[PDB]
Amino acid sequence: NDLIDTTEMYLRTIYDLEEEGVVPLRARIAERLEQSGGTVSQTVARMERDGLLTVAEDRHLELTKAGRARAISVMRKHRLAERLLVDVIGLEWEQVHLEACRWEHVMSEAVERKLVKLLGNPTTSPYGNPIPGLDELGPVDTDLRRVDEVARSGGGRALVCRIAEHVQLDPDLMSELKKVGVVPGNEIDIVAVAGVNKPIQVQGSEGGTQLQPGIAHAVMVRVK
Amino acid sequence: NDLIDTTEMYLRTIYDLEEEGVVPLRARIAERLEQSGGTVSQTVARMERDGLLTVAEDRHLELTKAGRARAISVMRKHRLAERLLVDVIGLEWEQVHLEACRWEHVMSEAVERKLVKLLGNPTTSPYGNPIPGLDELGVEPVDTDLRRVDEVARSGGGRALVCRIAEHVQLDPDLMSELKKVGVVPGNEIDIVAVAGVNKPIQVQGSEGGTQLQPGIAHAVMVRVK
Amino acid sequence: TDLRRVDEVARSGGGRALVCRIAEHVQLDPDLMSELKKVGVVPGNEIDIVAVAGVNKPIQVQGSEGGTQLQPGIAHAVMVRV
Amino acid sequence: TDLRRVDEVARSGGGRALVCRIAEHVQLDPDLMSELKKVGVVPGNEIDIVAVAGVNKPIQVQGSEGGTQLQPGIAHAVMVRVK
Amino acid sequence: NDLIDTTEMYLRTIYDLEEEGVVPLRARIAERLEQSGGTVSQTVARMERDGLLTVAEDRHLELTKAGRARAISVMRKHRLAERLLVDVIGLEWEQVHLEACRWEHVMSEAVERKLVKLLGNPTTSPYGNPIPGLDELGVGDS
Amino acid sequence: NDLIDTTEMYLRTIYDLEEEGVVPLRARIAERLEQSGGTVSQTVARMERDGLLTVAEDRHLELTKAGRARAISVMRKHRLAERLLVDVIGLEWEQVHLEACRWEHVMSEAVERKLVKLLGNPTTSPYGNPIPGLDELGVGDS
DNA sequence: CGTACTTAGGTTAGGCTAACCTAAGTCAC
DNA sequence: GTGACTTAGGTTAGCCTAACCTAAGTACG
Ligand SMILES: [Co+2]
Ligand SMILES: [Co+2]
Ligand SMILES: [Co+2]
Ligand SMILES: [Co+2]
Ligand SMILES: [Co+2]
Ligand SMILES: [Co+2]
Ligand SMILES: [Co+2]
Ligand SMILES: [Co+2]
């Protein structure tokens with residue numbers, strides 16, 4: 001699937017992995033953007049040459065000040081696009097991320113400033129994710145816990161707060177989550193599970209569903 | 001076709017172009033080995049990194065002492081392979097180059113030394129091309145009197161003795177079968193018809209019949225005029 | 001077909017006309033677009049097209065808020081109803 | 001097959017045998033191939049295979065020009081016709 | 001200036017020239033997209049290979065059935081984007097076209113159908129240029 | 001040591017192991033070609049994908065109809081090269097195999113036919129190993 | 001004497017498969 | 001414990017198309 005801008009999508013994938021608390025290896029970029037290991041290293045090398053990132057001792061990718069700034073501007077465009085598509089245009093909830101993943105690469109700062117006024121200074125995306133870099137354009141979340149860790153700790157009732165970009169990429173799953181009512185601002189019951197890499201059962205208001213470990217890891221909640 | 005060894009085939013293509021008196025540009029390598037301009041630049045860059053060649057001011061490729069030595073050892077293996085295939089094994093004249101272009105990448109110096117003894121210290125390939133690097137393995141004739149069929153034709157043509165068919169011409173087995181049929185082969189006389197201006201099909205009359213040679217083909221056939 | 005280009009109207013001896021279309025070619029020059037808006041050469045507004053004689057000659061137009069000089073290639077890319 | 005492996009002939013109680021095949025595995029050791037040629041473990045030559053007891057024990061053979069010790073994996077990869 | 005999509009910008013440039021009543025020659029594309037004549041000839045040959053356009057005897061570029069359909073969908077996205085940027089987002093009149101020239105390459109037909117409803121069935125861009133291919137969109141699940 | 005052709009060297013290695021009466025496991029290839037277990041599993045999977053071999057329940061590698069045919073042509077070239085190198089070229093007995101192991105990957109069926117006539121219809125290599133697939137060659141234009 | 005186009009040689013970004021590696025982790029006996 | 005594979009994250013060589021460039025032609029009017 002066409003990235004529109006390869007560089008900006010590498011920067012944003014690193015930013016997504018950080019938000020999800022995943023070590024940003026080149027193998028993560030490879031599996032997410034569906035490219036060969038060589039392509040990723042070759043592209044990561046061009047971005048190191050341009051001075052947007054560096055490779056650390058344990059081979060995890062670190063953003064430079066210019067790289068982080070650029071990564072933030074892309075993520076800001078993405079989430080303002082999602083707000084516009086949901087609040088104003090009225091695009092279906094499950095289709096909004098895929099549209100915004102293209103729009104993020106063509107939106108000027110001039111449109112961003114106009115969208116901030118139109119949308120009334122929004123601070124979160126329609127999937128509960130904070131909108132960064134609003135200061136550059138012109139809340140404590142330390143209590144939030146991941147559905148997998150909650151389940152491994154005995155489960156219980158919790159309020160859905162965030163669905164990460166990773167989960168948004170699968171429109172079928174997002175349609176399923178909306179149906180059963182695993183959406184931001186709704187309460188869910190997380191059933192307990194032992195060990196790791198195990199499917200996690202969750203009961204929403206309208207029904208129940210299973211979340212894969214990497215999915216459940218990317219859904220942040222506030223426990224009762 | 002598969003090059004078997006990319007590096008050795010790049011080195012030998014530069015050597016072929018020098019022997020044919022053609023400026024060895026990356027565009028020449030792209031044409032002959034049928035690869036993109038980017039592929040050639042990227043591969044040439046790896047060989048520059050290894051210290052086998054360099055890019056000159058006019059962007060023509062120059063071999064280093066290590067690169068020229070390696071290029072000579074490949075061309076030696078090639079032409080000793082061609083001698084073996086013709087003289088001993090008896091492979092058809094038109095098919096020998098294509099076989100030899102693969103064998104040149106796998107033949108050891110040990111086998112080369114044995115082939116020199118078996119074939120009786122040959123100095124030319126079956127297509128009349130001198131065999132280099134025989135000294136490195138363990139009286140060369142003055143070839144300054146030789147002229148290219150195209151230059152002979154542009155100078156008014158006339159009768160000449162066929163002496164060399166370059167590696168470039170050998171790549172086309174159908175053309176080589178045609179050349180053999182009409183008798184445009186090393187050690188045979190030909191009558192070269194005169195032509196006006198460059199980039200013109202050159203007519204030649206052999207012992208058994210006549211044929212037309214393209215400018216790049218005629219340029220790659222060396223003769224001694226009457 | 002009922003629409004006419006400003007350059008042809010000028011060469012034909014000018015006239016009053018309703019601005020209908022500004023082609024994509026004109027829009028690629030923001031500074032020109034600002035000027036066109038300022039003097040009032042915008043869709044729905046009436047303009048006076050001044051008579052011109054020759055080829056490669058600037059076309060003079062008068063909008064509600066003033067006048068401007070259009071280059072031949074610009075005037076060709078603005079369509080009006082006479 | 002009527003052919004037998006040198007290692008199996010040794011374990012059976014040895015004997016005189018005609019060398020028939022040297023597998024590609026043996027040929028990959030030039031130093032071993034030189035020794036095999038020197039003592040006369042080559043196709044068409046007769047050798048004496050000395051009786052051996054147990055597994056992973058080196059096989060002793062006698063050629064026309066002397067004797068050599070074959071490793072079990074080498075002796076397995078040489079095929080003979082027992083007289 | 002980044003075209004975002006080379007093919008779509010060549011198609012729309014040929015489309016613009018036809019709307020302006022100018023002869024669509026390779027030289028016109030070279031001028032308007034600020035590229036060398038060799039680049040235009042090469043890209044045009046690639047688009048001719050892919051069945052998007054043909055070259056006439058007088059050498060003017062002609063959009064195929066497939067070429068015109070693609071050109072229309074790009075132009076439809078362009079002019080719906082312009083309407084959104086002026087009427088809803090409130091971007092300045094003179095800055096809208098440059099924004100819409102990037103947006104036209106990333107807008108889905110799904111968004112297009114929502115913009116038709118939002119903007120109340122627009123027939124023209126803010127610059128009075130008719131929106132083509134509106135009947136091609138349909139109403140989807142609505 | 002450069003294999004020249006990975007596929008052909010995997011096929012001939014499995015062929016060698018069957019001739020020796022050894023169980024052809026991935027671990028045998030790893031030892032003999034001096035490659036990591038992961039490289040062998042990976043390459044074997046490619047060759048299984050391309051229909052050259054299958055893995056049995058006991059995990060021993062089996063050549064398909066296509067795999068055995070390719071393995072036989074490599075081994076035929078190998079053992080004809082060995083006969084040429086010893087009988088005609090006069091390369092030393094112990095150096096011949098290493099040479100023939102490279103030559104087997106570049107010899108045409110056209111040369112093979114000329115070698116059969118030259119060497120007087122050989123049935124074995126200089127090391128007594130039968131030459132397989134001789135009936136597959138034919139006589140060409142003779 | 002320009003305008004439109006072709007020719008020749010080249011660069012860059014962004015992709016791919018094949019064929020290797022090291023280094024832990026797992027599995028059947 | 002041992003041998004036989006799997007997994008996880010890499011590298012390198014050797015290819016590709018698309019989309020640009022400069023420079024110096026030829027073609028036509
Ligand atoms: Co999103
Ligand atoms: Co994106
Ligand atoms: Co040759
Ligand atoms: Co070659
Ligand atoms: Co516009
Ligand atoms: Co555009
Ligand atoms: Co052998
Ligand atoms: Co081999």
Side-chain angles (χ1 to χ4, degrees), chain A residues 2-3 5-7 9-10 23 25-31 33-47 55 58-60, chain B residues 2-3 5-7 9-10 23 25-31 33-47 55 58-60, chain E residues 2-3 5-7 9-10 23 25-31 33-47 49-50 55 58-60, chain F residues 2-3 5-7 9-10 23 25-31 33-47 49-50 55 58-60:
Chain A
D2 186 14
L3 300 180
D5 193 301
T6 291
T7 310
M9 278 312 300
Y10 270 55
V23 175
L25 297 184
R26 282 169 283 190
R28 303 287 76 73
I29 298 187
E31 69 183 29
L33 301 190
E34 296 189 26
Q35 295 185 346
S36 73
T39 305
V40 171
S41 290
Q42 181 175 297
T43 296
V44 157
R46 290 203 299 278
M47 293 172 70
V55 188
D58 61 329
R59 305 180 297 175
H60 94 270
Chain B
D2 183 14
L3 297 179
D5 192 298
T6 292
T7 312
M9 276 310 303
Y10 268 54
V23 176
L25 294 181
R26 283 167 282 190
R28 301 290 79 74
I29 299 188
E31 284 171 6
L33 300 188
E34 295 187 29
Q35 295 183 346
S36 78
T39 308
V40 171
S41 290
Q42 193 185 36
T43 297
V44 161
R46 287 202 301 278
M47 293 172 68
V55 187
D58 61 337
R59 306 175 297 180
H60 95 267
Chain E
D2 190 14
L3 300 177
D5 192 312
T6 298
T7 298
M9 279 314 295
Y10 269 55
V23 178
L25 294 177
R26 293 171 184 89
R28 298 292 80 73
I29 302 178
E31 285 169 0
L33 296 187
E34 298 183 314
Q35 299 184 345
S36 51
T39 308
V40 171
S41 289
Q42 192 169 68
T43 291
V44 162
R46 197 165 56 248
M47 289 171 69
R49 182 201 67 192
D50 298 340
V55 191
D58 53 342
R59 303 189 319 281
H60 90 265
Chain F
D2 186 22
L3 298 176
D5 189 309
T6 299
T7 302
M9 279 311 298
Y10 270 53
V23 178
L25 298 188
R26 292 181 193 81
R28 298 292 80 73
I29 302 183
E31 288 168 3
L33 297 184
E34 297 181 317
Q35 299 184 343
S36 54
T39 305
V40 171
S41 287
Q42 196 168 66
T43 291
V44 161
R46 268 203 310 282
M47 292 171 68
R49 179 202 71 194
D50 301 332
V55 191
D58 57 353
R59 285 177 281 94
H60 93 266

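As a basis for the values below, the full set of heavy atoms in this structure was taken, side chains included, without hydrogen atoms, waters or symmetry mates. Sequence lines set the chain letters: A, B, ... in the order given, protein chains first and strands last, and positions in each chain run from 1.
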Nearest atoms (heavy-atom pairs only) where F:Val55 meets F:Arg59:
CG1-O, 3.5 Å

Does any non-hydrogen side-chain atom of E:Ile29 lie less than 4.5 Å from one of E:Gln35?
no

Please name all residues satisfying side-chain contact (heavy atoms from CB on, under 4.5 Å) with A:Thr6, sequence neighbours left out, ordered by chain then number.
A:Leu3, A:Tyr10, A:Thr43

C1'-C2'-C3'-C4' based pucker assignment for H:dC5:
south

B:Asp58 and B:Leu25 have their tightest heavy-atom pair at O-CD2, 4.0 Å

Protein heavy-atom contacts under 4.0 Å, written 5' to 3' over nucleotides 4-16 of chain G as B (base), S (sugar-phosphate only) or - (none), form the string SSB--SSBBSBBB

H:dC20 P sits how many Å from E:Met9 CE, rounded?
11 Å

Using the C1' atoms only, state how far G:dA4 lies from H:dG25, rounded to an integer number of Å.
13 Å

To the nearest 0.5 Å, what is the distance between CZ (E:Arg28) and NE2 (E:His60)?
13.5 Å

Give every pair of a protein N or O atom and an N or O atom of nucleotides 27-29 of chain G that lie under 3.5 Å apart, one pair per line with the distance.
none

All salt bridge (charged side-chain N to carboxylate O under 4.0 Å, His left out) counterparts of A:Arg26, not counting sequence neighbours
none

Could you tell me whether the sugar of H:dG25 is north or south, judging only by the sign of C1'-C2'-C3'-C4'?
north

With sequence neighbours left out, what residues match A:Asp5 under salt bridge (charged side-chain N to carboxylate O under 4.0 Å, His left out)?
none

Pucker family that the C1'-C2'-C3'-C4' torsion assigns to H:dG14:
south

All stems with DNA chain H, defined as three or more consecutive Watson-Crick or G-U pairs under 3.5 Å
G:1-3 with H:27-29, G:6-24 with H:6-24, G:26-29 with H:1-4

